[PDB]
Every structure is written in structure tokens, then in C-alpha cells.
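Raw contents of run_10.txt, compact mmCIF, C-alpha atoms:
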```txt
# COMPACT_ATOMS: atom_id res chain seq x y z
CA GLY R 1 0.00 0.00 0.00
CA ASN R 2 2.88 2.41 0.74
CA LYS R 3 4.40 2.36 -2.76
CA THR R 4 6.72 -0.60 -2.05
CA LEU R 5 7.35 -3.76 -4.05
CA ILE R 6 6.22 -7.06 -2.55
CA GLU R 7 9.52 -8.92 -2.69
CA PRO R 8 9.26 -12.73 -2.75
CA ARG R 9 10.92 -14.33 0.26
CA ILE R 10 12.61 -17.03 -1.86
CA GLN R 11 14.24 -16.00 -5.14
CA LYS R 12 15.29 -19.50 -6.28
CA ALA R 13 13.13 -20.88 -9.06
CA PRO R 14 10.65 -23.65 -8.11
CA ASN R 15 10.06 -27.02 -9.75
CA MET R 16 6.46 -28.10 -10.30
CA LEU R 17 4.89 -31.47 -11.02
CA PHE R 18 1.36 -32.92 -11.29
CA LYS R 19 1.63 -36.57 -10.31
CA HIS R 20 -1.44 -38.73 -10.96
CA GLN R 21 -2.14 -42.28 -9.77
CA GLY R 22 -4.71 -44.49 -8.08
CA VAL R 23 -5.42 -47.95 -6.66
CA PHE R 24 -8.41 -49.47 -8.46
CA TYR R 25 -11.58 -48.63 -10.39
CA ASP R 26 -14.99 -50.12 -11.18
CA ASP R 27 -13.51 -52.62 -13.63
CA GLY R 28 -11.83 -54.32 -10.65
CA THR R 29 -8.34 -54.47 -12.10
CA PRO R 30 -5.48 -52.86 -10.10
CA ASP R 31 -4.60 -49.33 -11.16
CA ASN R 32 -1.01 -48.96 -12.37
CA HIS R 33 -1.04 -45.97 -14.75
CA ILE R 34 1.25 -43.15 -13.60
CA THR R 35 1.57 -39.79 -15.36
CA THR R 36 3.38 -36.58 -14.46
CA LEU R 37 3.75 -32.98 -15.65
CA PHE R 38 7.13 -32.23 -14.10
CA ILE R 39 8.75 -28.83 -14.59
CA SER R 40 12.36 -28.29 -13.54
CA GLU R 41 14.10 -25.24 -12.12
CA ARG R 42 16.04 -24.83 -15.38
CA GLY R 43 12.84 -24.46 -17.42
CA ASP R 44 12.53 -28.04 -18.67
CA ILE R 45 9.07 -29.52 -19.27
CA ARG R 46 8.38 -33.28 -19.14
CA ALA R 47 4.94 -34.79 -19.79
CA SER R 48 5.09 -38.56 -19.28
CA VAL R 49 2.75 -41.54 -19.06
CA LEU R 50 3.93 -44.65 -17.22
CA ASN R 51 2.82 -48.21 -16.51
CA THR R 52 5.16 -49.37 -13.76
CA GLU R 53 4.13 -53.03 -13.49
CA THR R 54 4.52 -53.61 -17.24
CA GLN R 55 7.75 -51.55 -17.43
CA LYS R 56 6.58 -49.19 -20.19
CA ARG R 57 6.84 -45.41 -20.53
CA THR R 58 6.25 -42.65 -23.09
CA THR R 59 7.74 -39.21 -22.35
CA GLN R 60 7.47 -35.83 -24.07
CA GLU R 61 10.51 -33.86 -22.89
CA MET R 62 11.58 -30.25 -23.37
CA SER R 63 15.14 -29.18 -22.55
CA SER R 64 16.24 -25.81 -21.21
CA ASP R 65 18.30 -25.27 -24.36
CA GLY R 66 15.06 -25.74 -26.34
CA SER R 67 15.14 -29.35 -27.58
CA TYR R 68 11.84 -30.95 -28.53
CA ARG R 69 12.01 -34.69 -27.83
CA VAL R 70 9.44 -37.47 -27.53
CA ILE R 71 10.65 -40.87 -26.29
CA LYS R 72 8.78 -44.18 -26.02
CA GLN R 73 10.10 -47.17 -24.09
CA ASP R 74 8.93 -50.79 -23.89
CA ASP R 75 11.09 -52.48 -21.22
CA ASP R 76 12.64 -49.72 -19.05
CA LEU R 77 11.00 -46.86 -17.17
CA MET R 78 14.26 -44.92 -16.75
CA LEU R 79 15.43 -43.00 -19.82
CA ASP R 80 18.99 -44.24 -19.26
CA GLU R 81 20.02 -47.67 -20.59
CA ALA R 82 17.03 -48.28 -22.86
CA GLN R 83 17.25 -51.12 -25.40
CA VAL R 84 13.95 -50.90 -27.32
CA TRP R 85 12.88 -47.32 -27.90
CA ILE R 86 11.99 -44.75 -30.54
CA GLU R 87 12.69 -41.01 -30.54
CA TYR R 88 11.75 -38.03 -32.75
CA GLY R 89 11.97 -34.29 -32.33
CA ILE R 90 14.43 -31.40 -32.36
CA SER R 91 17.87 -31.85 -30.81
CA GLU R 92 19.84 -29.10 -29.07
CA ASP R 93 21.33 -28.51 -32.53
CA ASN R 94 19.00 -27.51 -35.38
CA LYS R 95 18.36 -31.00 -36.80
CA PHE R 96 14.98 -32.72 -37.22
CA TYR R 97 15.35 -36.48 -36.82
CA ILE R 98 13.62 -39.79 -36.20
CA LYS R 99 15.88 -42.43 -34.65
CA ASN R 100 15.54 -45.91 -33.16
CA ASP R 101 17.76 -48.95 -32.60
CA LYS R 102 18.26 -49.11 -36.36
CA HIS R 103 19.89 -46.24 -38.28
CA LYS R 104 17.92 -43.00 -38.10
CA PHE R 105 16.11 -40.72 -40.53
CA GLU R 106 17.49 -37.18 -40.28
CA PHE R 107 16.56 -33.90 -41.98
CA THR R 108 19.39 -31.40 -41.63
CA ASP R 109 18.94 -27.71 -42.48
CA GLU R 110 20.14 -28.71 -45.99
CA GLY R 111 19.57 -32.05 -47.71
CA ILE R 112 18.15 -35.40 -46.65
CA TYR R 113 20.32 -38.03 -44.97
CA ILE R 114 19.70 -41.52 -43.60
CA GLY L 1 1.99 -44.60 -24.45
CA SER L 2 0.87 -43.65 -27.97
CA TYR L 3 1.69 -40.16 -29.19
CA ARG L 4 -1.01 -39.01 -31.60
CA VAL L 5 -2.04 -35.64 -33.05
CA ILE L 6 -5.28 -35.50 -35.06
CA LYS L 7 -6.80 -32.64 -37.06
CA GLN L 8 -10.38 -32.65 -38.34
CA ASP L 9 -12.23 -30.34 -40.74
CA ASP L 10 -15.88 -31.47 -40.73
CA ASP L 11 -16.45 -33.56 -37.56
CA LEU L 12 -15.78 -32.73 -33.91
CA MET L 13 -15.98 -36.36 -32.77
CA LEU L 14 -12.90 -38.47 -33.46
CA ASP L 15 -15.10 -41.32 -34.69
CA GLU L 16 -16.34 -41.34 -38.30
CA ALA L 17 -14.04 -38.62 -39.65
CA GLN L 18 -13.76 -38.22 -43.44
CA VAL L 19 -11.17 -35.44 -43.89
CA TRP L 20 -8.38 -35.68 -41.36
CA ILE L 21 -4.63 -36.03 -40.91
CA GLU L 22 -2.72 -37.91 -38.21
CA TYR L 23 0.94 -38.28 -37.18
CA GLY L 24 2.67 -39.66 -34.12
CA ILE L 25 3.60 -42.92 -32.40
CA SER L 26 1.12 -45.80 -32.39
CA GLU L 27 0.74 -48.32 -29.57
CA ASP L 28 3.28 -50.34 -31.57
CA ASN L 29 6.74 -48.85 -32.19
CA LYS L 30 6.04 -47.29 -35.60
CA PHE L 31 6.41 -43.62 -36.56
CA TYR L 32 3.86 -42.67 -39.21
CA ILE L 33 2.03 -39.89 -41.02
CA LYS L 34 -1.34 -40.94 -42.44
CA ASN L 35 -4.35 -39.30 -44.07
CA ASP L 36 -7.17 -40.32 -46.42
CA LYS L 37 -4.53 -41.21 -49.00
CA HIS L 38 -1.92 -43.91 -48.33
CA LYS L 39 0.37 -43.11 -45.41
CA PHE L 40 4.08 -42.46 -44.89
CA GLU L 41 5.47 -44.89 -42.31
CA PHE L 42 8.91 -45.30 -40.73
CA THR L 43 9.21 -48.73 -39.13
CA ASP L 44 12.09 -49.62 -36.79
CA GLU L 45 13.85 -50.87 -39.97
CA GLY L 46 13.45 -49.45 -43.48
CA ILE L 47 11.16 -46.89 -45.09
CA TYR L 48 7.72 -47.85 -46.41
CA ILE L 49 4.89 -45.95 -48.07
CA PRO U 1 10.05 24.94 -17.86
CA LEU U 2 11.82 21.88 -19.28
CA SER U 3 8.77 19.61 -19.38
CA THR U 4 6.52 22.22 -20.97
CA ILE U 5 9.09 23.11 -23.64
CA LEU U 6 9.62 19.42 -24.43
CA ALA U 7 5.87 18.84 -24.70
CA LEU U 8 5.50 21.85 -27.01
CA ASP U 9 8.37 20.62 -29.20
CA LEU U 10 6.82 17.15 -29.39
CA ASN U 11 3.46 18.69 -30.32
CA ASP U 12 5.06 20.80 -33.04
CA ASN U 13 6.97 17.80 -34.43
CA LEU U 14 4.13 15.29 -33.91
CA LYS U 15 3.20 15.21 -37.59
CA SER U 16 6.79 14.52 -38.75
CA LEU U 17 7.26 11.61 -36.29
CA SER U 18 5.22 9.09 -38.31
CA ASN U 19 8.26 6.81 -38.53
CA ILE U 20 7.74 5.85 -34.86
CA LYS U 21 5.39 2.88 -34.48
CA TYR U 22 3.43 1.35 -31.60
CA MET U 23 4.26 -1.85 -29.73
CA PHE U 24 3.52 -3.25 -26.29
CA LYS U 25 7.05 -3.11 -24.85
CA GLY U 26 9.20 -1.77 -27.66
CA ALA U 27 12.67 -1.08 -26.22
CA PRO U 28 14.86 -0.44 -29.28
CA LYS U 29 18.52 0.44 -28.94
CA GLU U 30 18.39 3.06 -31.72
CA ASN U 31 17.26 6.62 -31.03
CA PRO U 32 14.07 7.34 -33.02
CA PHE U 33 14.89 11.01 -33.60
CA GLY U 34 18.42 10.26 -34.85
CA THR U 35 17.25 7.86 -37.58
CA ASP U 36 14.95 8.10 -40.61
CA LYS U 37 14.21 4.36 -40.29
CA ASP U 38 10.96 3.24 -38.69
CA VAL U 39 11.14 1.91 -35.15
CA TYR U 40 8.65 0.46 -32.67
CA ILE U 41 8.56 2.42 -29.40
CA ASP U 42 6.09 2.49 -26.49
CA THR U 43 5.15 5.48 -24.34
CA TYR U 44 7.70 4.84 -21.58
CA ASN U 45 10.58 4.46 -24.02
CA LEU U 46 9.32 7.49 -25.95
CA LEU U 47 9.47 9.66 -22.81
CA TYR U 48 12.93 8.26 -22.08
CA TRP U 49 14.23 9.20 -25.53
CA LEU U 50 12.54 12.60 -25.31
CA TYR U 51 14.18 13.44 -22.00
CA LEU U 52 17.52 11.92 -23.04
CA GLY U 53 17.97 14.49 -25.82
CA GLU U 54 18.77 17.20 -23.27
CA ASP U 55 21.21 16.86 -20.35
CA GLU U 56 18.90 14.69 -18.22
CA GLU U 57 19.41 10.94 -18.52
CA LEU U 58 16.89 9.13 -16.26
CA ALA U 59 17.19 5.33 -16.57
CA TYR U 60 16.26 2.52 -18.93
CA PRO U 61 13.71 0.94 -19.67
CA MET U 62 11.90 3.28 -17.21
CA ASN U 63 9.11 0.89 -16.24
CA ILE U 64 6.38 1.61 -13.69
CA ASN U 65 8.82 0.92 -10.81
CA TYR U 66 10.74 4.06 -11.84
CA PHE U 67 8.09 6.42 -10.42
CA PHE U 68 7.95 4.65 -7.05
CA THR U 69 11.36 5.24 -5.48
CA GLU U 70 13.57 7.27 -7.84
CA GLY U 71 12.28 10.57 -6.43
CA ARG U 72 12.15 12.23 -9.84
CA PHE U 73 8.41 12.98 -9.55
CA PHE U 74 5.92 14.32 -7.01
CA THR U 75 2.28 13.34 -7.28
CA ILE U 76 -0.34 15.97 -8.12
CA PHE U 77 -3.52 13.85 -7.85
CA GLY U 78 -3.82 10.39 -6.32
CA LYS U 79 -5.36 7.30 -7.86
CA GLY U 80 -8.95 6.32 -7.11
CA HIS U 81 -10.81 9.63 -7.56
CA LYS U 82 -11.87 11.03 -10.90
CA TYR U 83 -13.17 14.60 -11.20
CA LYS U 84 -13.92 16.16 -14.58
CA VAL U 85 -14.04 19.78 -13.36
CA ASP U 86 -10.46 19.76 -11.99
CA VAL U 87 -8.98 18.77 -15.37
CA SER U 88 -8.75 22.43 -16.39
CA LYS U 89 -6.25 23.14 -13.60
CA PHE U 90 -3.69 20.79 -15.19
CA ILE U 91 -0.69 22.15 -17.12
CA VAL U 92 1.17 21.03 -20.23
CA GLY U 93 3.84 18.41 -19.55
CA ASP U 94 1.98 16.53 -16.80
CA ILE U 95 2.10 12.76 -17.22
CA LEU U 96 -1.30 11.06 -17.60
CA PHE U 97 -1.67 7.42 -16.58
CA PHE U 98 -4.08 4.93 -18.16
CA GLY U 99 -5.36 1.47 -17.33
CA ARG U 100 -6.23 -0.32 -14.13
CA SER U 101 -2.70 -1.73 -13.69
CA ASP U 102 -0.68 1.17 -15.16
CA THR U 103 -0.80 -0.40 -18.63
CA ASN U 104 -0.05 2.85 -20.50
CA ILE U 105 0.76 6.51 -19.83
CA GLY U 106 0.45 9.81 -21.69
CA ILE U 107 1.59 13.43 -21.83
CA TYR U 108 -0.99 16.16 -21.33
CA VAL U 109 -1.38 19.02 -23.83
CA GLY U 110 -3.78 21.89 -23.54
CA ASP U 111 -7.29 22.23 -24.95
CA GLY U 112 -8.30 19.01 -23.20
CA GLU U 113 -6.11 16.61 -25.19
CA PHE U 114 -3.23 14.18 -24.61
CA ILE U 115 -0.46 12.56 -26.65
CA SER U 116 -0.16 8.77 -26.62
CA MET U 117 -0.04 5.67 -28.82
CA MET U 118 -3.28 3.68 -29.12
CA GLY U 119 -3.88 0.56 -31.18
CA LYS U 120 -4.56 -3.15 -31.09
CA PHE U 121 -2.30 -5.11 -28.77
CA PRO U 122 -0.32 -7.43 -31.11
CA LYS U 123 2.10 -4.85 -32.50
CA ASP U 124 -0.17 -2.39 -34.26
CA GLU U 125 1.13 -0.47 -37.26
CA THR U 126 -0.60 2.75 -36.19
CA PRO U 127 1.86 5.65 -35.70
CA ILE U 128 1.94 8.10 -32.81
CA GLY U 129 -1.06 10.41 -32.68
CA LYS U 130 -3.10 12.79 -30.53
CA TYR U 131 -6.61 11.92 -29.32
CA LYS U 132 -9.35 13.79 -27.48
CA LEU U 133 -9.66 13.22 -23.75
CA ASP U 134 -13.46 12.82 -23.83
CA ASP U 135 -13.56 9.20 -24.97
CA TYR U 136 -10.50 8.13 -22.96
CA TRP U 137 -11.63 9.94 -19.78
CA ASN U 138 -13.21 6.72 -18.49
CA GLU U 139 -9.80 4.97 -18.29
CA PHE U 140 -7.85 7.87 -16.75
CA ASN U 141 -7.57 6.50 -13.16
CA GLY U 142 -6.90 9.94 -11.65
CA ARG U 143 -3.12 9.50 -11.22
CA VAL U 144 -1.06 12.56 -12.25
CA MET U 145 2.63 13.34 -11.78
CA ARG U 146 5.05 16.20 -12.47
CA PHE U 147 8.79 16.68 -13.03
CA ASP U 148 11.44 18.43 -10.96
CA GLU U 149 15.10 18.87 -11.96
CA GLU U 150 16.55 21.75 -9.90
CA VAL U 151 16.82 19.97 -6.56
CA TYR U 152 17.57 16.41 -7.77
CA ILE U 153 21.27 15.53 -7.17
```
Reformat the file's structure so that it appears as C-alpha cells.
Amino acid sequence: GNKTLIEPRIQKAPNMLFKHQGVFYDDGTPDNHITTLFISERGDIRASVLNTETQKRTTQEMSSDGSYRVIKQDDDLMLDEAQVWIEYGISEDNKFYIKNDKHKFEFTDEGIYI
Amino acid sequence: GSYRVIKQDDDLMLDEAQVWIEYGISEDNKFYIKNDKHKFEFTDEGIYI
Amino acid sequence: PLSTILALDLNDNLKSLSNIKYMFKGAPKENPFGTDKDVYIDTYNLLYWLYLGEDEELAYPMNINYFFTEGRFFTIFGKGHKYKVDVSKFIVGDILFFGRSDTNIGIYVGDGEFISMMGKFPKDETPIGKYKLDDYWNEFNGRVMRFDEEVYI
């Protein structure tokens, strides 16, 4: 009221997340779908859907440098040390690509490579 | 865990769409772009149309 | 006074300043008056460039927080009251505020008018211009300020 700015007490950036899960539903089967909307302190955004019992995950990740990336996994929830997976998006460098265990399909700023 | 983006021009419901375009990741590990005409698919190995 | 002379000069040159264009928070690094090329400037940056021409410098970008603690101004009328009869007592060079959250400001000129940029939000191509106070009087918010240079520093 007296012409003064309302300083925040804590100046460090927060990290948000919207974790969703349950136990069961009217079908009777156990609930095991987990999804999150995590946001990091460095500006990253990660929307993910997970089935923990079946060991499957699909993530849509945004990096602080500005890298679009969508990853799908079949046998590992962690992003590290994935065997079967597929990726597609925009890397930290300006290169559009679709890659998997086999050789990738890439679209550089000039030309088409495989 | 199936990424999918759908655009429609003449039907709000997803079911029974005539004019539409799709692209994403199906429940099976296959990257694809499909429409009313034959699709462009990128399987784990090779390139198919 | 300095502020009245600057307002009169701006009024006299208002029709030649069509190169300057409106934007929400245009903070260009080029001086509009020292360049024939068009440039997108808002009201705050405009006042900054107008005062920078002389010996006064102020500070950049000169947002709303400038008027709170810098001590360059003294209020004439407070916010939250709005009288139409006491508009005549104003003088040229008084800063006129607009919007409920200090969205935009203006410079008062006599004959019941003010100088400001008005246009659609997403970077309108309308140049600087002068409008009557009758239609904009609703969104005036009663806040008025004035300049003082002799005693500062």
C-alpha cells in the first residue's frame, strides 16, 4: 500500500509437477497408470505416461536449451540404458530427426540423410 | 503410451471422420504420417509408403 | 520549464514523427529522432528518448517501478478519484496514466487533449497520434505526476 514492491521471500526458481495415480476402479483391475507434468528449475518440461508393473513409458521432454524430444520405451522406465525405444523431435542442434535402434532418418537444415 | 495428433475439418468427434490427418507414435513402435490417402510410415527398420 | 518546452516541441513535431510505431514493450537500442528508419517504441521508451535528448538521462527501460522510489516525480492527484471539473487546472507536460494496472501513460497538452499511442495489442502499425480526452476519460484512473530537476542531485 505504501508504494513498495512485494519482494518474494525465496528467489530460487521452483520445480512443479502434477503426479497422478490411483489404486483401483470399477472394472476391478489394479490401477497402475502413472503420469506426471514435471517442470524443472532450469525451465525443462516433461509430460510422461507410465505403466510401472509392465515396465513401459512414453515421455514428451523439453530441454532448457530448447530441444523438442518425444521418447517411447517398452522395457525400461528410466530413460537411461534403454534397449527398445523410438525417438523423434528437435535436438539441441537444429536438426529434425527420427531415430531408433536401427539407423535414423534425419533432416538437416540442408539435404536429406539416412 | 501412444503419441497421436489428429486434425479434423468437418467432424468434432474423433469417430467417423472423413477429412483428417494424423501423425505420431502408435501403440506399436512405428512412426507414421497418415491421411485419407496412403500413409508415410517409418518402421524400426526401413522406409515404407 | 523543461517539461513544458519538451511537450510543445513534441506537439510541433508530432506530424513529422510518423516513422515511430506502436508496440507493447518496444525497447529499441536506436534513437528514433536520430534515424529516418521506422522503429517500434512504447510510451515509456518514448518519454525516455525525449528526456535523453537534453542533459537529463533518467534510466532505462523506465518501467512503472521508476516512479515509485527514484524521487524524480511528485504526485499531483492520487489514484482512485476522478473529477472532470479539476482537469482544467492541469498544465502542459503533466504525465497522464491509463489502465487499471498502469498499462499505458500519456503526456498532457492543452485544450483538453493528450499525446499517446493507441492501437490493437499485437504490435499495431498505427503511428503516434493525438486523441481527445473525452472518450479516454473513463480509463484515466486519476493518477497525475510532475517533473522536478533543480533539486535532484
Nearest residue to chain U out of R:43, R:1, R:111, R:66, using all atoms listed in the file? R:1
Given a cut-off of 10 Å, which residues of chain L touch chain R, counting only C-alpha atoms, written out as an MDAnalysis selection string? chainID L and resid 1:3 24:25 27:31 42:47
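Counting all atoms listed in the file, the residue from R:109, R:76, R:92, R:61 that sits nearest to residue R:40 is R:61.
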Interface, chain U side, toward chain R (9 Å; only C-alpha atoms) as a count of residues only: 3
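Rounded to one decimal, atom CA of residue R:19 and atom CA of residue L:12 lie 29.6 Å from each other.
Computed from the coordinates, the atom CA of residue U:146 to atom CA of residue U:96 distance equals 9.6 Å.
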List the spatial neighbours of residue U:73 as a list in words - criterion: any atom at most 7 Å away, all atoms listed in the file, same-chain residues fewer than 4 positions off excluded. residues 67, 145, 146, 147 and 148 of chain U
Of the listed residues U:91, U:2, U:105, U:8, that which approaches residue U:64 most closely, counting only C-alpha atoms: U:105
Within 12 Å of residue U:122, counting only C-alpha atoms, which residues show up once you throw out same-chain ones fewer than 3 positions away? Write them as a PyMOL selection string, please. chain U and resi 22-26+118-119+125-126
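Restricting the calculation to only C-alpha atoms, the smallest distance between residue U:76 and any of U:144, U:128, U:133, U:20 is found for U:144.
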Considering only C-alpha atoms, can you say which of U:60, U:98, U:108, U:114 comes closest to residue U:130? U:114
Please complete stretch 4-32 of chain R with N, CA and C atoms and give it back as a compact mmCIF listing (two decimals), keeping the file's coordinate frame.
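result-v2.txt was written with the following content:
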```txt
# COMPACT_ATOMS: atom_id res chain seq x y z
N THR R 4 5.58 0.29 -2.26
CA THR R 4 6.72 -0.60 -2.05
C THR R 4 6.47 -1.93 -2.73
N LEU R 5 7.50 -2.49 -3.36
CA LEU R 5 7.35 -3.76 -4.05
C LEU R 5 7.30 -4.93 -3.08
N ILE R 6 6.37 -5.85 -3.34
CA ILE R 6 6.22 -7.06 -2.55
C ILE R 6 7.28 -8.06 -2.99
N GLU R 7 8.45 -8.00 -2.36
CA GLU R 7 9.52 -8.92 -2.69
C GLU R 7 9.10 -10.36 -2.35
N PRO R 8 9.38 -11.34 -3.20
CA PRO R 8 9.26 -12.73 -2.75
C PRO R 8 10.34 -13.08 -1.74
N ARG R 9 9.97 -13.91 -0.76
CA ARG R 9 10.92 -14.33 0.26
C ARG R 9 12.02 -15.19 -0.34
N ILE R 10 11.66 -16.10 -1.24
CA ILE R 10 12.61 -17.03 -1.86
C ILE R 10 12.74 -16.68 -3.33
N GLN R 11 13.96 -16.39 -3.76
CA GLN R 11 14.24 -16.00 -5.14
C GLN R 11 14.63 -17.17 -6.04
N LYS R 12 14.94 -18.34 -5.47
CA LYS R 12 15.29 -19.50 -6.28
C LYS R 12 14.06 -20.03 -7.00
N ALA R 13 14.26 -20.47 -8.24
CA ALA R 13 13.13 -20.88 -9.06
C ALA R 13 12.55 -22.19 -8.53
N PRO R 14 11.24 -22.39 -8.59
CA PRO R 14 10.65 -23.65 -8.11
C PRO R 14 10.70 -24.72 -9.19
N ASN R 15 10.25 -25.92 -8.81
CA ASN R 15 10.06 -27.02 -9.75
C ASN R 15 8.72 -27.67 -9.46
N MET R 16 7.82 -27.60 -10.43
CA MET R 16 6.46 -28.10 -10.30
C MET R 16 6.32 -29.49 -10.90
N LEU R 17 5.23 -30.15 -10.51
CA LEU R 17 4.89 -31.47 -11.02
C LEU R 17 3.45 -31.80 -10.62
N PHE R 18 2.74 -32.48 -11.51
CA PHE R 18 1.36 -32.92 -11.29
C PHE R 18 1.33 -34.43 -11.43
N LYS R 19 1.57 -35.12 -10.32
CA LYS R 19 1.63 -36.57 -10.31
C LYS R 19 0.23 -37.13 -10.11
N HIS R 20 -0.10 -38.15 -10.91
CA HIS R 20 -1.44 -38.73 -10.96
C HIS R 20 -1.33 -40.24 -10.85
N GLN R 21 -2.16 -40.84 -10.00
CA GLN R 21 -2.14 -42.28 -9.77
C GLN R 21 -3.38 -42.66 -8.97
N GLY R 22 -3.63 -43.96 -8.89
CA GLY R 22 -4.71 -44.49 -8.08
C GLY R 22 -4.42 -45.86 -7.51
N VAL R 23 -5.49 -46.62 -7.25
CA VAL R 23 -5.42 -47.95 -6.66
C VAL R 23 -6.26 -48.92 -7.47
N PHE R 24 -7.53 -48.60 -7.69
CA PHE R 24 -8.41 -49.47 -8.46
C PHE R 24 -9.54 -48.63 -9.05
N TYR R 25 -10.44 -49.29 -9.77
CA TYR R 25 -11.58 -48.63 -10.39
C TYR R 25 -12.68 -49.68 -10.55
N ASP R 26 -13.82 -49.25 -11.12
CA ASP R 26 -14.99 -50.12 -11.18
C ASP R 26 -14.76 -51.38 -11.99
N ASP R 27 -13.78 -51.40 -12.89
CA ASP R 27 -13.51 -52.62 -13.63
C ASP R 27 -12.96 -53.72 -12.74
N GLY R 28 -12.37 -53.37 -11.59
CA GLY R 28 -11.83 -54.32 -10.65
C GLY R 28 -10.35 -54.57 -10.79
N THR R 29 -9.75 -54.22 -11.93
CA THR R 29 -8.34 -54.47 -12.10
C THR R 29 -7.52 -53.44 -11.32
N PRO R 30 -6.35 -53.83 -10.79
CA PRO R 30 -5.48 -52.86 -10.10
C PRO R 30 -5.05 -51.72 -11.02
N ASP R 31 -5.05 -50.52 -10.46
CA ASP R 31 -4.60 -49.33 -11.16
C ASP R 31 -3.08 -49.23 -11.10
N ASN R 32 -2.46 -49.02 -12.27
CA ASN R 32 -1.01 -48.96 -12.37
C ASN R 32 -0.54 -47.96 -13.43
```
